[PDB]
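Structure 1 and structure 2, given next as structure tokens, are two forms of the same protein chain, each shown alone.
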Structure 1
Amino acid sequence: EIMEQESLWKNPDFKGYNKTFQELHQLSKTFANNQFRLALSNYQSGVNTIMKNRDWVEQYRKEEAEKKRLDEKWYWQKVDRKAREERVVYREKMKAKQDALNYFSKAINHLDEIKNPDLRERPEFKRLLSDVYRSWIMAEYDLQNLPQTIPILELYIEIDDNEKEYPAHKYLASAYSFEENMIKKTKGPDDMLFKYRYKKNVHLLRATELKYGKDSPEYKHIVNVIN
């Protein structure tokens, strides 16, 4: 089930999208809760935003690479053109991320409206919440917004048995590593550097323990790198 864990933790693809939303719409029918229905509607719109943009980027890059440009004769012209194309891609990616996070935010708002504690404990509830947070983490991670994933990942690992998920610890380690490197690169305080390095290592070690097991060749190796 490590393959299934890894499959959840990536940018959305066509097959995963169809399986996820078929399963979630089935859960929505058994849950028979209007706020869950609305949260699911918003979550789907957010994933759609992402999928549409990622398809647009691939298509835009293909079209730009397939053009002849016989009037582009110089190296500096190709560099300038590639810089313009990258700026177009970035602007479209940012727009899509903002729209997707607004839909994810609305999905959370609808789940927040489910006040009954018995309903909040339902497996359907926890599954949708997990999916929303995971997609949000992935959308931020895709655009290198690693510090922004830290509070979302922290909320995610609190749900059910989500702390026992090696990818959640892998992304937390990565995000803390980024923060440690940001302290090193700026004129950042040493107390913060050590805090971030420690947290990175805690989650790196936990991720390793989770997928390979304690006292395995891989767990023993990562202990040595930290030392």
Structure 2
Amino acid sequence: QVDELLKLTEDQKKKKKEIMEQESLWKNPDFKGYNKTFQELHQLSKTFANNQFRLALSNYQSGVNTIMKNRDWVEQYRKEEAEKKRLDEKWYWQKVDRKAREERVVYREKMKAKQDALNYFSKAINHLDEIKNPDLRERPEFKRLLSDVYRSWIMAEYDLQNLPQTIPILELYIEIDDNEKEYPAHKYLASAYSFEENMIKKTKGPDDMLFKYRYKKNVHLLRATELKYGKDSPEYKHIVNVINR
């Protein structure tokens, strides 16, 4: 129920704006977001003036471009196939079979794009790992790019339901700056643990595994709730009751 469970004063108005800005950033790339992100990242690169950061930004951009181009390819492919006349398609089962072939073509292409995008994201990380000076690693420019690469990586895996793969990345992401205080990161961590708990329940797996994943799901479901609604709110009191009863 992780997915379903998520939906003034000067401080509350400031909080609503921040949560919306965070939520906007945790989605598949679109043009408005792409334009804003790379305009910002390129001026941070100018202020940083670091060759390894330059190379990490180039790889990150290439990765986002891979994803964006593929998303257009899918919309175009779907359109082309819908517009074709099928004179030798008389039966219900034939259209079902055809649609299934088309969806496998799409899935194969989305898969390929994600793989290539993650290779660019992982290369971006490799370049940031080359920045050894601790003073440079503490820079806001460094932490911003690092967070953007991991978030894009999480979302790419999430899009194709590779929820287990997201867990180590989300864990690396929440270690950066004050990322642990971002409700979206806890929401996606709770979702991935929930997926594993459901897999154990379905495969009739060992109870020790079931309870482990249920607990970790609840840890992050509770933290996410606390972060966006606040402790002692009707939503936090409710999540405590679902865990208890």
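All residue numbers here refer to structure 1's sequence, counted from 1. Definition used throughout: the rigid core is the maximal C-alpha set that superposes within 1.5 Å between two forms.
Rigid-core fit between the two structures: of 164, 67, 52, 29, the one residue whose Cα shifts 2 angstroms or more is 67. In the rigid-core superposition between the two structures, residue position residue 199 carries a C-alpha shift of 0.4 Å. Core-aligned Cα shift between the two structures at residue 184: this is 1.6 Å.
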